[PDB]
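Q:
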Amino acid sequence: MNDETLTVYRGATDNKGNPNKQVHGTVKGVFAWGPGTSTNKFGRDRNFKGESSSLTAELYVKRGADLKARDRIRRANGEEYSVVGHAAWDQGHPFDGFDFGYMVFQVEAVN
Amino acid sequence: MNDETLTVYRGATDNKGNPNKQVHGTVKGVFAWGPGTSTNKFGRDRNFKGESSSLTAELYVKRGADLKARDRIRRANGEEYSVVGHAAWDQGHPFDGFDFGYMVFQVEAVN
Amino acid sequence: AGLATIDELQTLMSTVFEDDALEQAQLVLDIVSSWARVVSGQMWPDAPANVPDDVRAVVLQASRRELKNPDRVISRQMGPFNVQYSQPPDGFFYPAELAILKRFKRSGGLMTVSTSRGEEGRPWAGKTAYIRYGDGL
Amino acid sequence: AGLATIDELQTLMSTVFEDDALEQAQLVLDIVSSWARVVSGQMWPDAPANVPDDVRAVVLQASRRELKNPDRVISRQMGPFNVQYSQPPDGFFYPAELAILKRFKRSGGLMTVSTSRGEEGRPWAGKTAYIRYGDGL
Amino acid sequence: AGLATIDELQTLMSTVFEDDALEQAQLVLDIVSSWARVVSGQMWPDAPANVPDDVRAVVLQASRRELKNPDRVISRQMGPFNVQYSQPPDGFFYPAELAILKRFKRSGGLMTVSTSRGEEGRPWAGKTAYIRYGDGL
Amino acid sequence: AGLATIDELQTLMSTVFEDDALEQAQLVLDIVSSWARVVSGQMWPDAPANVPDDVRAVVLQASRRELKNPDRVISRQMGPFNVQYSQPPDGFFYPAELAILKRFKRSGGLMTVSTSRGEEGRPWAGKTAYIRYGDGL
Amino acid sequence: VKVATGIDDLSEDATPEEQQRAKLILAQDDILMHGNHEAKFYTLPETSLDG
Amino acid sequence: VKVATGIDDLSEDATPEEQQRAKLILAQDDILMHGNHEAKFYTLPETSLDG
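Chains as they are written, first to last, in the entry's author numbering: chain O, 1 to 111; chain P, 1 to 111; chain i, 2 to 138; chain h, 2 to 138; chain g, 2 to 138; chain f, 2 to 138; chain G, 255 to 305; chain F, 255 to 305.
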């Protein structure tokens, strides 16, 4: 498939709140900017003295990939995303057991 | 079917608010992350000093299963959910009486 | 006396029948074996011993179809999960499986029925009024 | 005695069958091999040794189809994922694969059944009442 | 002994096969080569050397079809992405590709089977009872 | 030895082929050229020099179709973008393109296969037993 | 020549030697039958021999 | 001329030399059969020779 290399940052926030994030490695996934024939809308805080926008998208990645929740991913374009929640549809087909081979990750744009 | 073993925790909150939850047993059910061709979106409190996310999903389980409301379920993946509300469509078809054999539970991610 | 053992069915289906699921599977196997015996015309005395490999394959496939899809659904949709099965066989076997089972018939499946006009036939008539004149040998 | 080894199937499917998935794959291979032996009419004594390349290809393709799609679905949907398959073969092999297997039959598949009218036949009749007069040689 | 080298397939697909992808691609190429050898009727001794260009083209196209779409889907959907494919070929080659391969058979594909009535034939009969009278030359 | 140069293909597609894409385009051009040579029956010795204009056009169109749509899709959708293509050609060329390529065949494509009854033929028979009486000229 | 198409092939179980020609009885009274409804039975004409 | 169409081609396994002509027995009693139901058997007429 086409895919896209990303840079994962895995770490655990300690009791005091210090983010200890370091380059865990790489992962290949396909970005989806909408659930269908439309695109998600960028949002703004309206109380921030800046021009930062918020976007929530999806990342279709192969099942069993080295990506987890709270794992920041940076594309070659420079955009950075935060993986929110666990993987979705990381299961076989209930009727048969067929493995579609891909699981969708919800990613929130953080830049 | 493919199914999935879950660990149920049944208990009753007393008048003083002390949760008394113990391992009731196991149940097999299929997790649905959306009502159709889409996925439910994770949410955040935005007032909690942490990185906890909220999620509501469904758990298709066979009719007559040993699962009730306010019955926490833990998957083999370590994810924990709280069953909210009673079972839905735990009834025969009105026209015929046909039993599809499955009832859907609403589960809210608690981790 | 099923044409295929329950162990072969379990291996093919990658399951292990337990309690009530075992008697149902055995009944389905016996039913499919009866269908195969009638269609092929060969009553195998030792059902699991001398049964041919292709007959075992056909019986196993038919039994798996009957166990997994007994009510012969075309589609099934539960929430976000859907499945669309192809057209089920007319009885238990698809035309190819019926051809496999019918391979034990001779003359390519051609059968002839002998007809009669209802007349008995007396070839000895005419020779009845016969008197032996001579030495006699 | 399958017509293709499990290693070739693993290479074609780019997987490694383990634990119970190996016995199921071996059973599927044996079933497909029996079907191919019946259809082609050639009972290969040394199944993995002298089996032709195209027969191995047909067996491998049929085994992969049976393992990946045993229940012969046309569509599958799980959330945002979906897949639509083509019409499955009537039995195990598509018509092209059946033609490949049937290439071992002679006369282009033409078979003749000899008929009879039920009469035995006595060519020696008429010559029975023969007496030898002469020298005798 | 594939009819086309793996390097040609890599160039056509604009990819590089590594580790298990290489063995699967080689097996697919060998399978397609065996099918082409059977269909065309020509067993090329040196498979990559004297193979014709059109045969290589057909083999490469069929191998790419088998590698990219092994399960023969018509449509697959994943979120906002969807693709629909044309009807897959019956076996490995489309009718035009089958015609290209069948170009090595003479007489435009016409074949004749000679029949016999089962009679041996003795042309020397009648000449057997011959006695030579004369000088003898 | 493609029937059309890569520069003509680049001009037609309004693109410039780079590494890992120039080799693929050249391979596609060679494949289409081999197919055109087989269909037309004319093996052009100097492929880019004396090739006719319409043959170059057919090769260029087929190569563009193969490069832009290698997997022969009917539809493709990604988010708010969709495209629906016509039915792909059976092989490489549409029937009009096949007719254009076949224009080099004579007698409107009519071909005759000479048959024989298997008999050798001895026209000199009868004249063998001939003795020359006379002067001799 | 009596011709049959669409009959159940693969029969006679890999047709052997040692007789095995049951020689299906087709007399004047017999009615030839086949279970398949797609099967077709017909004959090919013969040469006149008068020419 | 007896003509057969739709038969299983690719047969005889790359038809060799050294006899290999089994010479399918087609006598007066034989019934010619083919498994494929799309196969067609027919004959091409012959010249009259009277003219």
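Using N, Cα and C, we set each Cβ at its ideal position, and we do this for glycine too.
Counting only beta-carbon separations shorter than 8 Å, does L28(h) have a partner in chain A?
A: Protein chains in the displayed structure are O, P, i, h, g, f, G and F, and chain A is not among them.
Q: Run through chain G and tell me which residues come within less than 7 Å of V39(h), C-beta to C-beta.
A: The contacting residues are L264.
Q: Using a Cβ cut-off of 7 Å, which residues of the segment 258-284 of chain F contact any Cβ in chain g, in chain order?
A: Listed by position along the chain: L264, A268, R275, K277, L278, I279, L280 and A281.
Q: Compare the beta carbon distance of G11(O) and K21(O) with 8 Å and say whether it is the shorter of the two.
A: Contact: yes.
Q: Leaving out five residues before and five after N111(P) in sequence, what residues of the same chain have Cβ atoms less than 7 Å from its Cβ?
A: These residues qualify, in order along the chain: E79 and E80.
Q: Measuring only between beta-carbons, confirm whether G29(O) sits less than 8 Å from chain f.
A: With 8 Å as the cut-off, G29(O) does not count as an interface residue toward chain f.
Q: Which chain F residues are close to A100(h), counting only those with a beta carbon under 8 Å from its beta carbon?
A: In chain order: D262, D263 and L264.
Q: Output, in chain order, the set of chain h residues within a Cβ distance shorter than 9 Å of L298(F).
A: Residues of chain h passing the Cβ test: none, with the nearest at roughly 18 Å.
Q: Less than 8 Å between the beta carbons of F105(h) and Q62(h), yes or no?
A: Not in contact: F105(h) and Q62(h) (Cβ atoms no closer than 8 Å).
Q: Which residues of the segment 108-119 of chain g have a Cβ closer than 9 Å to any Cβ of chain F? Give them in chain order.
A: Going along the segment 108-119 of chain g in chain order, one finds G110, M112, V114, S115, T116, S117, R118 and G119 with a Cβ nearer than 9 Å to chain F.
Q: To be precise: take each residue of the segment 75-104 of chain i, compare its Cβ to all Cβ atoms of chain h, and keep it if any distance is under 7 Å. Which residues remain?
A: Under the 7 Å Cβ criterion, the segment 75-104 of chain i contributes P81, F82, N83, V84, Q85, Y86, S87, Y95, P96, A97, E98, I101 and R104.
Q: Is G305(G) close to chain F, meaning its C-beta is less than 8 Å from at least one C-beta of that chain?
A: Answer yes: the Cβ-Cβ gap between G305(G) and chain F drops below 8 Å somewhere.
Q: Determine the chain F residues that contact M44(g) at a beta-carbon separation under 8 Å, and present them in chain order.
A: By Cβ distance, chain F contributes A268.
Q: Give me the residue from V8(P), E51(P), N18(P) and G97(P) with the minimum Cα distance to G29(P).
A: Selected option, being the one with the closest Cα: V8(P).
Q: In chain order, what residues of the same chain lie with their CB nearer than 7 Å to the CB of residue 1(h), ignoring the 5 residues before and after it?
A: Past the edges of chain h, shown from 2 to 138, lies residue 1(h), and the structure says nothing about it.
Q: So is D72(g) in contact with chain h if we call contact Cβ pairs under 8 Å?
A: It does; some Cβ of chain h falls within 8 Å.
Q: If I follow the unbroken alpha helix (DSSP H) through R65(i), where does it start and stop?
A: Start and end: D54 to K69.
Q: Beta carbon of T6(i): closer than 7 Å to some heavy atom of the ligand GTP?
A: Inclusion of the ligand GTP in the displayed structure is not the case, the ligand content being empty and no account of it being possible.
Q: Taking 8 Å as the threshold (C-beta atoms), are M112(i) and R65(i) in contact?
A: Going by C-beta atoms, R65(i) is not nearer than 8 Å to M112(i).
Q: Starting from the Cα of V56(f), find the closest Cα among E98(f), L10(f), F18(f) and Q78(f) and give me that residue.
A: It is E98(f) whose Cα lies nearest to the Cα of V56(f).
Q: If we define contact as Cβ-Cβ less than 8 Å, is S64(f) a contact residue for chain g?
A: Not an interface residue.
Q: Measuring CA to CA, which of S54(O), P94(O), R44(O) and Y102(O) is closest to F82(g)?
A: Residue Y102(O) is the option with its Cα nearest to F82(g).
Q: Under 8 Å between beta-carbons, which chain G residues line up against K106(i)? List them in chain order, please.
A: Residues of chain G passing the Cβ test: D262 and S265.
Q: Run through chain g and tell me which residues come within less than 8 Å of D21(f), C-beta to C-beta.
A: Neighbours of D21(f) on chain g, chain order: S15.
Q: Please state the DSSP three-state secondary structure of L138(g).
A: Coil at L138(g), not helix or strand.
Q: Tell me which residues share the same chain as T297(G) and place their Cβ nearer than 7 Å to its Cβ, disregarding the 5 neighbours each side in the sequence.
A: Cβ neighbours of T297(G) beyond the five flanking positions: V255, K256 and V257.
Q: Could you work out which residue in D47(h), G122(h), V17(h) and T116(h) is closest to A276(G) when comparing CA atoms only?
A: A276(G) has its Cα closest to that of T116(h), out of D47(h), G122(h), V17(h) and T116(h).
Q: Is it true that the segment 54-64 of chain O meets the segment 92-108 of chain O, where meeting means three or more beta-carbon pairs spaced less than 8 Å apart?
A: Output reads yes: the segment 92-108 of chain O touches the segment 54-64 of chain O.
Q: Using only CA atoms, which one of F48(O), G34(O) and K68(O) lies nearest to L55(O)?
A: It is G34(O).
Q: For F93(g) versus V52(g), is the C-beta spacing smaller than 8 Å?
A: No. Outside cutoff.
Q: On the DSSP bridge list, what partners appear for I73(O)?
A: Note: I73(O) sits in a beta bridge opposite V8(O) and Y81(O).
Q: Name, in chain order, the residues that DSSP records as bridge partners for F95(P).
A: According to DSSP, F95(P) bridges with nothing at all.
Q: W45(h) and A58(i) look like a contact to me (Cβ under 8 Å); what is the Cβ gap, rounded to whole Å?
A: About 17 Å; that fails the 8 Å criterion.
Q: Less than 8 Å between the C-beta atoms of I7(h) and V39(g), yes or no?
A: It is not a contact, given that the beta carbons lie outside the stated cut-off.
Q: Alpha carbon to alpha carbon, how far is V114(f) from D262(G)?
A: Going by the C-alpha atoms only, they are around 35 Å apart.
Q: Leaving out five residues before and five after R72(O) in sequence, what residues of the same chain have Cβ atoms less than 8 Å from its Cβ?
A: The answer, listed in chain order, is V8, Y9, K21, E80, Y81, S82, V83 and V110.
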